[PDB]
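Colleague: Please find one structure pasted underneath; my questions will follow.
Number of protein chains: 2
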Amino acid sequence: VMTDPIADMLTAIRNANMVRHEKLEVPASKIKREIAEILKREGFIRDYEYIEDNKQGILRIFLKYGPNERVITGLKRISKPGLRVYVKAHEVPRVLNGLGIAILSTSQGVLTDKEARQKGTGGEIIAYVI
Amino acid sequence: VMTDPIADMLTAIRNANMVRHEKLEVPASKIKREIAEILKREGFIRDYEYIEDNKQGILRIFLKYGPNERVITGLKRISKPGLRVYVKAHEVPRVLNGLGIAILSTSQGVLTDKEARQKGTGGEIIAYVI
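Listed below in structure tokens is the structure:
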């Protein structure tokens, strides 16, 4: 993978969350879709859908707000050019409940720190969400 | 892997260590030879050799003693029927220096706890030596 397009997606979600948008759109890709599935699965966004516009693939993300407040507190792109963050299977962080989610790019795909541990794999930490 | 023949090999080493014999011989096997290598590599035994006697593979193990004192303090078979000890890659023990070595059967072969961590694998803990 490459974290630049990932930084782009995260920046857009960040910005949309600030001004409280109900949705946002970003060019689709497999990894971006894998990230959206995780955010959705972990209750950070409400939903997402793949859409095509002028034959261009797009991911439409629906943000989630509790009774007026933002559900996403922060999103950060981690491993990046010049500052790679790789972790062996044994070193995948055990992230406490309530402290967020680490997203790893692994040989078995994009997984959360919790999935990586159950699957017994390490990988590149590409993002953190809280 | 089957642990009984491992128990049997470790028992013979323990007995020979108690009365302070220079060496012992046990029927050879892949796993048994793998344990011998690790024991030799980790400084617990002096050396070992494979020979075929009357068309039967034999592992001759040479014990090590400091100026008369024992080098092996304890060695036992761990995972066994009714007491299986399995560890995921993330939970492979971090054995401090001076506390011994855990030996596990992994999909990548018989490895010490340190090698399993380095290789990104979990497994069944078959023996422990201190």
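Protein sequence lines, in the order shown, are assigned to chains B and A. Okay, so the first sequence: first residue is 1 according to the entry's author numbering, each after it adds one. Okay, so the second sequence: first residue is 1 according to the entry's author numbering, each after it adds one. Backbone N, C-alpha and C define an ideal beta-carbon position, used for all residues, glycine too.
Which first and last residues belong to the beta strand (DSSP E) in which residue 77 of chain A is found?
Modeller: 75-77
Colleague: So residue 121 of chain B contacts chain A; which residues on that side make the cut at Cβ distance below 8 Å?
Modeller: At a C-beta separation below 8 Å, residue 121 of chain B has these neighbours in chain A: 89 and 120.
Colleague: Do we get a CB-CB distance below 8 Å when we pair residue 110 of chain B with the residues of chain A?
Modeller: no
Colleague: Can the beta-carbon of residue 24 of chain A be found closer than 8 Å to that of residue 127 of chain A?
Modeller: no
Colleague: Residue 117 of chain B versus chain A: which residues are under 9 Å apart at the beta carbon?
Modeller: 88, 89, 90 and 91
Colleague: For residue 6 of chain A versus residue 31 of chain A, is the C-beta spacing smaller than 8 Å?
Modeller: yes
Colleague: Give the C-beta separation of residue 63 of chain A and residue 34 of chain A to the nearest angstrom, bearing in mind that I take them to be a contact with Cβ-Cβ under 8 Å.
Modeller: Contact flag wrong, Cβ pair sits at about 18 Å.
Colleague: In the DSSP assignment, the alpha helix (DSSP H) including residue 4 of chain B goes from what residue to what residue?
Modeller: 3-18
Colleague: Would you call the segment 116-126 of chain A and the segment 87-103 of chain A touching, i.e. three or more CB-CB distances under 8 Å?
Modeller: yes
Colleague: Are the CB atoms of residue 129 of chain B and residue 83 of chain B nearer to each other than 8 Å?
Modeller: Not in contact: residue 129 of chain B and residue 83 of chain B (Cβ atoms no closer than 8 Å).
Colleague: Where residue 160 of chain B and residue 95 of chain B are concerned, what is the direct C-alpha to C-alpha distance, given to the nearest angstrom?
Modeller: Because chain B is modelled from 1 through 130, residue 160 of chain B falls outside the range shown and cannot be assessed.
Colleague: Short check: CB of residue 110 of chain A to CB of residue 38 of chain A, under 8 Å?
Modeller: yes
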